[PDB]
Amino acid sequence: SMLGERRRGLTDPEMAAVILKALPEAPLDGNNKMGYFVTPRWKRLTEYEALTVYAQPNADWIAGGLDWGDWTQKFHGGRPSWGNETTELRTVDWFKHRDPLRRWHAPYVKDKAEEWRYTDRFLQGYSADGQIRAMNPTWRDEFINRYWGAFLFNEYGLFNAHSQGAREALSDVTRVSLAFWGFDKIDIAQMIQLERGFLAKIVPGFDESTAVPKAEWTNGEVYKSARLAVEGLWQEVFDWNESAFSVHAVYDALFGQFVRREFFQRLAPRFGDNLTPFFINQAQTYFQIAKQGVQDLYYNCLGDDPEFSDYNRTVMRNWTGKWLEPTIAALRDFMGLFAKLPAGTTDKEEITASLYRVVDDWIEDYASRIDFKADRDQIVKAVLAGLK
Amino acid sequence: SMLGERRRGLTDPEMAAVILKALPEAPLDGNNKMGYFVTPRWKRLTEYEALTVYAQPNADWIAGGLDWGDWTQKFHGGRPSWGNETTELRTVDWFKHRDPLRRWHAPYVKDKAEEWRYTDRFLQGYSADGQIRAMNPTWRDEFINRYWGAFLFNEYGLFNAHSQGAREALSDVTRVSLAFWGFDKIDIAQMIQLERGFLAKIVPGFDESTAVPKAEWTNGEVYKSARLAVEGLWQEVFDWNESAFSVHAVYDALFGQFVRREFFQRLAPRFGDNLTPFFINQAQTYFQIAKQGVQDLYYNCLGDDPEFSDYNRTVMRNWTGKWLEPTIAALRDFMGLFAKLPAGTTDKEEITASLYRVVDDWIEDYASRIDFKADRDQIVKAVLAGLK
Amino acid sequence: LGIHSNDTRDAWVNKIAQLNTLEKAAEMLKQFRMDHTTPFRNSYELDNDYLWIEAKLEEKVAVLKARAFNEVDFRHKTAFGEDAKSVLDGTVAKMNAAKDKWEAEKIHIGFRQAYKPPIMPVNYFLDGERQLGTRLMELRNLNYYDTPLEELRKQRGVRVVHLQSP
Amino acid sequence: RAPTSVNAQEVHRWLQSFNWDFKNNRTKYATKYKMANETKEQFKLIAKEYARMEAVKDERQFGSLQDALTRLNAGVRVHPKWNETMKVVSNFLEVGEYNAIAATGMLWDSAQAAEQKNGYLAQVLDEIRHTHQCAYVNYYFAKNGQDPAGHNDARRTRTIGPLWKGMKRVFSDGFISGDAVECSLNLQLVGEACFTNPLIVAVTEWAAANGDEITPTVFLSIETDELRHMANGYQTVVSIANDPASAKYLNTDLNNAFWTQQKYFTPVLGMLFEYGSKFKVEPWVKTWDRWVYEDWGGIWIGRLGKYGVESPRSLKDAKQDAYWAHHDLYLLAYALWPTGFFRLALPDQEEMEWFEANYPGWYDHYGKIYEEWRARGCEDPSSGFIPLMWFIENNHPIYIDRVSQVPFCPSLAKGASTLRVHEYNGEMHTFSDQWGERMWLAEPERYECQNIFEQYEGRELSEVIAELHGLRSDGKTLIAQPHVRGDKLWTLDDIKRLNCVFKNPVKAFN
Amino acid sequence: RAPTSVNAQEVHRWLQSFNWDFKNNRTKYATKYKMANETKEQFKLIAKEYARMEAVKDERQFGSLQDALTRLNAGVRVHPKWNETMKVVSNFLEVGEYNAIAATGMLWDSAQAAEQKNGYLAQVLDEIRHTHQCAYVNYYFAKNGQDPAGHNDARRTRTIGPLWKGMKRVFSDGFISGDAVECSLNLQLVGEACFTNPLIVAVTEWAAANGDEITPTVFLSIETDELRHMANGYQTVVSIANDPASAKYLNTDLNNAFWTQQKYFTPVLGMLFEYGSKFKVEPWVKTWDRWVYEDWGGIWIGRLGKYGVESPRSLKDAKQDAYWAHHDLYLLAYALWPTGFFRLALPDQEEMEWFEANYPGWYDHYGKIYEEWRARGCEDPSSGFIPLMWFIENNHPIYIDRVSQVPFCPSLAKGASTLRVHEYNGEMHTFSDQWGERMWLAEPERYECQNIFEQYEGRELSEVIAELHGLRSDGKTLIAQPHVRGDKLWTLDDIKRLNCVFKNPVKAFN
Ligand SMILES: Oc1ccc(Br)cc1
Ligand SMILES: Oc1ccc(Br)cc1
Ligand SMILES: [Fe+3]
Ligand SMILES: [Fe+3]
Ligand SMILES: [Fe+3]
Ligand SMILES: [Fe+3]
């Protein structure tokens, strides 16, 4: 029927009359602010905090918890649902963390959705504008379809590296950020593939298969070292914090930033390739997005913890060193790629200037925060020892 | 009060029951499709068509109109609110046009908004990633600031060229497309200024004032003929179709495409500039979107009109010849910019090949559609004379 | 003076404050877990606070072990000096050798009471946890319902105090 | 190396410099005014930011329409009379929005200062937005409402009736035909400022009171855009104040604009409000007095006095002719009900009381007329009676103002009872007031609109309705009805029985 | 140069090949099963497309909430009982959605196939969206409702009451602690397939009945994401169906999963529906039978029969204990009202008639008790009577199942009355059924959850409330109440004056 058969309390005369009669003259409490008991990180409490902080049911025996008592059901053996036992780091409150971008699910998928929609429009514009014509065939078929492509498994690996954290994080605010950090990473891996899939439609013989880029990753020598570092961060570390830290405040900051920025973002143009850059632009926007969160958790919160400041820095300094070497190594093996570049593409003066950038930025944004005194010259020197 | 003073017919028991009592048992007509009488361009009528076609109250004496009678109030002298007399082109129905992207207002601002928010996200990541560091200082201060900066006036002039069509277009579908082609042009001009404004923030000493770019536009040589063409298209053309057609199917299709794609986008990369290409990607996406609309209106509807095909092609050919000369002059003077670049940037062969790309695309996408006989080597030869 | 803040809790905070030796603290933790955690605790006298106490002890042990160990040790050596990888691989052996769920059960619970971080490093701990737990489950979920409740109660060794079923 | 970006205002600071000088840089439209070369705009916007703030409004609007409102079946739970009102209100407004697109395009061309061009530009896009929003209301009511007919095809069925003609005057041709400034007065300084802005809010009130939550969702969104349009109309006055010609022409153009807008909206809006609703909000008379006199004639106009602006000289008459105008018109609207694209209803007992209470003497005049038509069976298909017949029998001819297009019956109207009939170069012309008459006498060539009687002369009523598709999807039942009930709907054949033939009332004059 | 692009499916085609082999490439969590490394996922999604489809939904949802619903004052025109009910439904479900995040994370870590990981990942993000959605419901009712207390601080005030403990068991710990596959069955194979999915639609039904249009706007949006979680649970079974351990362990973890979930939801949900509303939608017994038996136990489980899955052996036992469970539970919930974070109401006359009509024998048991308590003044603050006193006076101990945390009263219950009490190593343990007892016997270390009587033992009632912030803004009035009217609200003082001290009921056996 036109009116339907289901009567609704908001519009049905009979039912609404009864409801309206039961209503009090005024709200039974003037405090209409949900999450009012939360300690604001900024001026006034934000929607982000209200909808997120304390969603995790931790009891007081987990720094910050507001509940009490043990869990109702545990693992065979007695292992707690969540416990202080899943990470070396200690804190006065696990709910202190705050994503500087204040990202809860809605704003997050809104931003990524815009990017997805624009991306589409862009590819349709690129293909129609024939901008492919000014693209170097070698770079296209060898450096983008093999070396760039293979790099996707690097990101994919860093992605999976977040699985344990997604399960073990000790707070909502930290769990949401971790989830987003890993989700952006797989996004990049899928974007690296998206391009190869695009090129496949505009370039007659281009093969989209991952066979070639995968082999370069699995058995190649350019990334070999890098892959070993990934496998370690992903499947050898059982500490959610160590994994997040080492991956974002060490590996990806050094190796990742170089490979993406100081290599393809700086050379793809030189071969008449504005396409690939369209995507690295996203990966770098994402990277910089994740970095603000990584900084707020490990430094503002943990590193400067009013009770375990020194303890945490010690552990993070320890972790820094632990993975700084495999990172250096990962780089060294990568340097062997420049040799495959046509003569004149670039020289050692540049490669040195770029490396020092990645390293200096690394020291400026991460190292100095935990007092991990590092030698810029030695590092560059060490990696540089990988050139032809 | 908690419930408010105003009573609403949808929720107020007494008022709603009065409403419900007067309701018929079912709809008084089963045809619930607004615009059902509109001839669909595609399989099924689109929301874009339903909400747009026939919004313009044209009488039958303006091809395709459904109303009858003269206008209620005309201009002193007798000029009609809208009339056939405002353009040389003729057709069997001014409402046949269809924006292939089916853009009505909501979809239009939705996409532009996504582009806006992502742009802001991109810049913040660009500055935070410190990519400006590797950009050639000369390209930055000379070519982006002055020359790319001067081009904003070109795009701005083209935006303004649409002002009369916004007022005179003989149908809603044409008016909406024209308005959007025009709006996208001022947006680009503003994005050019936004980049200059952005550079002023992350580059000490960079002056965002428009004084220099403007002086380059009003008194320089590089853009002299371009300015003369824009001034004419905008202010010496009173025919809304000659304006739109000549701007998009002639001037911007040749000069615009060359400057944006064959100069700035092609060369920016060689100077470590990924910033300008970001905005040019937007400009080119907009250009390709506009082209689809320009082709439907002038080629699919007017150029192929069942009754006025020959006539319309004769006129558009006339217009192509009229504006092709000033457009070649604009390209010719622009060739002067190549001499100003650092030695070894590009050579005569590259310049020529890039001109042929722009001229060849124009032939295929525009000239050939109305049987205009274009000699590609003759166009290129005339332009090359501008090389110092 | 109750749920989150009470006399007994304050008493233990002052008792951990007097701990200034990785050895002494690592010991008090081990002994604390034996006295008040898991179904095999020595008594339930601190049942409402042991979870909070145990953590306040882990913190003291964690801080010390950090200022007492070195890069390599903090990552591979327990607070007792033992070699992490050693124990892990050893305990897994006993487990894979366990005769039945009753044996497996004790080894797993026991493993936790002794090696729960800050004692053993987190990385090895949770790795065993995935291995130990896997075996414990396999033995337990095998023919889960065959044993009647009357008998099961006997196997568990519980003292039945009351039963009613209409 | 800190995260940085750039906003609209930062780019807008230099937008005024975008325009440059050259001999032919001038407006392409005729005008007596010269808009100041350095005029500025109130809102520092750029295309990107404009798009964003509008998109955000659209999300909420369509969000509410597609979800909650649809789930509440809000498209149906509206009073029948109001479902009909919105067919006219929404589609008629749609054209004002639409012509405002062209109107502001013309202003953006008139403006020489980049900032004043950009202000108008922003309205050009808002007007397209508003056209699509109005279309959407008709679109939504057609898809989910109790009677889609009319809502689904107003863009062509509107052409059958006489009320549409007047609408195209004040909200179509009045917005784009004439001196750009004159068009600006009709649209902004008078149209929006005096009628539409207060109108939009008023409609949401009347709508809400009659169960319509669709119109408020859309119209409240439209209203948030009107801040910029008020600034446009205001800067138009400022950009010409320092021009010698402004002192000579401004007040004359303003007066004509005022009368134009008022002449049509006074009777039509009030008619739609009081006769197109079940639940009343406020008597049109007090609503009008506040809008026209207080809020506009005093507050709004007073502010612009410094620029040479004065109070409209025809204001006195506008007020004098206001009180009964809308009642005068509904008599004609119902009498000619077969020429609409909506269903009308006779006032019910409860309503007649309301009318008498708020307009003493309403019963002795209109009340009795409606009661008689009811007795004649104006509501029943078998009666063979149509109100128009009553006007013929009682020698009460209905004329059409050559200028405003507003239908009027001088011998029966309680408002203006004036009539002026002239012959000029072989054609007869009928006027209803001294202002419209002056307009035609001085500007004959601007007002040649042929009226329905002129175009329908000698035509049988059913033939015209059929030719212009004034029928429902069954191909026989008329879209328009003399009552709003669910049964006994007149068909095309019920009108052909009648055998009514149109005649030009002015042909009687010798 | 034709316009070209690439869609999700085209990129997903190569997703599976994203993961590569190597030594330590295995899950980090204890499990008895071996998930296939060739397992595929149903939906070929990539991060970007996922975000788009979810964003489109948010737009609708939030648009309705911020616009039309707010303008309609939808946050207020809801029945008092339902406003209270949503405090529990939304916040309780919130924690379920929240632990689901960790669960699917653990699941994502379990899968070895790239596609299986990707599927779980999509849920990881969904659960995050659901956590925030449920949070938004309480956020909205707090901001615009008739009573914010509870809606505004449930994340901490829920810790006072006993009903929350059971929720954590089925929607927190049950979701993440134990064999990954066991957690999956609790979450997707049972919880979501048997309860949540049907539940969320049901909730929106009861909400609309009681004037709540907010919850439908949000929950129906959550519902659109369920088809994807259904697929994950189904695929979890598929990925281990070939493994030998499956035929040896699956059915056991499943039955345990079934009993765990139904044990809580059977009584709790029915209670929330029938006792937390004014207008009823359908008798809970009819609903339960349909959900549990037909849909799940029949159609859903039936399709998994080809993979070794069989009907939970504890099924017939569940239906037996079900009939009166929710009725039995509300008695305890109301008797312990001061420990909640919401206001409870006693059945009115219409409701008592409804209850008896659908549950013959209801009045003689529950009906009489409520009328007895009310006559004694359980609603009036000056009576000095809290129903828990009535239980003590008539020696009707209330115990907490050591496993499910569900409160039960063997001596008064009309449903299950079995009670098993054991002592082991100095601690007493109370059990309400044979299944839960076995779980504890075999896995003593998995269930050591302290109950409210143990933690609150010796403490005076008002001390606990105040300590845990069970107060409203004025620092005096209780959040919890024994009636839903606006006057005569109980204060901390009204509770202190009674001098109620908690006792551990198990000690009576010493
Ligand atoms: O409901 C109505 C529709 C149109 C007119 Br005219 C009047 C009232
Ligand atoms: O409205 C209600 C709120 C909580 C419970 Br428990 C029951 C009913
Ligand atoms: Fe408007
Ligand atoms: Fe406007
Ligand atoms: Fe969910
Ligand atoms: Fe789910």
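Residue numbers start from 1 in every chain, and the chains themselves are labelled A, B, ... in the order their sequence lines are given, proteins ahead of strands.
A salt bridge links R117(B) to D111(A): one of the charged nitrogens lies within less than 4.0 Å of a carboxylate oxygen. With respect to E54(D) and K110(B), no salt bridge is recorded, no charged nitrogen being found less than 4.0 Å from a carboxylate O. With respect to the salt-bridge test (charged N to carboxylate O, under 4.0 angstrom), the residues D67(A) and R158(E) do not qualify. A salt bridge is absent between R98(A) and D296(A); no separation between the charged side-chain nitrogens and carboxylate oxygens falls under 4.0 Å. By the 4.0 Å N-to-carboxylate-O rule, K57(E) lies too far from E223(E) to be salt-bridged with it. Taking 4.0 Å as the cut-off between side-chain N and carboxylate O, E205(E) and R6(A) count as a salt-bridged pair. Between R8(B) and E213(D) there is a salt bridge, since at least one side-chain N of the basic residue sits less than 4.0 Å from a carboxylate O of the acidic one. Between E114(A) and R121(B), at least one side-chain N (NZ, or NE/NH1/NH2) sits under 4.0 Å from a carboxylate O, which counts as a salt bridge. At a threshold of 4.0 Å, the pair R60(D)-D67(E) does not count as salt-bridged, since none of the basic side-chain nitrogens sits closer than that to a carboxylate oxygen.
Remark: the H79(E) side chain and the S277(E) side chain contain no N/O donor-acceptor pair separated by less than 3.5 Å. Side-chain contact, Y54(A) with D172(A): no donor N or O sits under 3.5 Å from an acceptor N or O. In this structure, a donor-acceptor pair under 3.5 Å is present between the side chains of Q56(A) and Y98(E). A donor and an acceptor atom, one from each side chain of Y139(E) and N152(E), are nowhere located under 3.5 Å apart. A donor atom on one side chain and an acceptor atom on the other are found under 3.5 Å apart for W116(B) and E49(D). No hydrogens or angles considered: a donor-acceptor pair under 3.5 Å links the side chains of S473(E) and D29(A). Side-chain atoms of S177(A) and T174(A) include no donor-acceptor pair closer than 3.5 Å. Of the N and O atoms on the side chains of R129(D) and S221(D), at least one donor lies less than 3.5 Å from an acceptor on the other residue.
Between the side chain of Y275(E) and the main chain of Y334(E), no donor-acceptor pair closer than 3.5 Å is present. Judged purely by atom type and a 3.5 angstrom limit, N138(E) has no side-chain atom pairing as donor or acceptor with the backbone of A135(E). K278(E) places no side-chain N or O within donor-acceptor distance of the main-chain N or O of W82(E), the cut-off being under 3.5 Å.
Remark: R77(E) CZ to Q146(E) CD distance equals 12.0 Å, nearest 0.5 Å. From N83(E), atom CG reaches atom NZ of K81(E) across 13.0 Å, with rounding to the nearest 0.5 Å. Distance check, rounded to the nearest 0.5 Å: CG of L10(B) to OG1 of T11(A) gives 6.0 Å. In this structure, OH in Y140(E) is found 3.0 Å from OG1 in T70(E), a value given to the nearest 0.5 Å.
Taking the ring centroids of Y108(A) and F180(A), they lie under the 6.0 Å cut-off. Here the two rings, on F62(E) and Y136(E), have centers that are under 6.0 Å apart.
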task = Give the intermediate values and the outcome of side-chain contact (heavy atoms from CB on, under 4.5 Å) for residues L93(E) and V137(E).
result = CA-CA 11 Å; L93(E) 176 52; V137(E) 174; over 6 Å; no

inquiry  = With side-chain contact (heavy atoms from CB on, under 4.5 Å) as the criterion, how do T217(E) and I214(E) come out once you've worked through the C-alpha distance, each side chain's angles and the decisive distance to 0.1 Å?
reply    = CA-CA 5 Å; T217(E) 290; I214(E) 284 75; 5.7 Å; no

inquiry  = Run the side-chain hydrogen bond (donor to acceptor under 3.5 Å, both in side chains) test on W206(D) and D212(D) for me, step by step, so that the C-alpha distance in whole Å, both residues' side-chain angles and the decisive distance to 0.1 Å come before the verdict.
reply    = CA-CA 8 Å; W206(D) 286 85; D212(D) 176 8; over 6 Å; no

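Between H130(E) and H229(E), the angle of the ring planes lies from 30° to 60°, which puts this pair in the tilted group.
Both tests hold for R102(A) against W42(A): distance to the six-membered ring centre under 6.0 Å, angle to the ring axis within 45°. Taking the centre and axis of the six-membered ring of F37(A), the NZ or CZ atom of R156(E) falls inside the cone set by 45° and 6.0 Å.
Counting heavy atoms from C-beta on, the side chains of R472(E) and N31(A) never come closer than 4.5 Å. Between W68(A) and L468(E), the closest side-chain pair of non-hydrogen atoms falls below 4.5 Å. Within the 4.5 Å cutoff, the side chain of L492(E) has heavy atoms near those of the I465(E) side chain. Residues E226(E) and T196(E) form a side-chain contact, since some pair of their non-hydrogen atoms from C-beta on lies under 4.5 Å apart.
For the pair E192(E) and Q123(E), the tightest heavy-atom approach, listed with the atom from each and the gap, is OE2-NE2, 3.6 Å.
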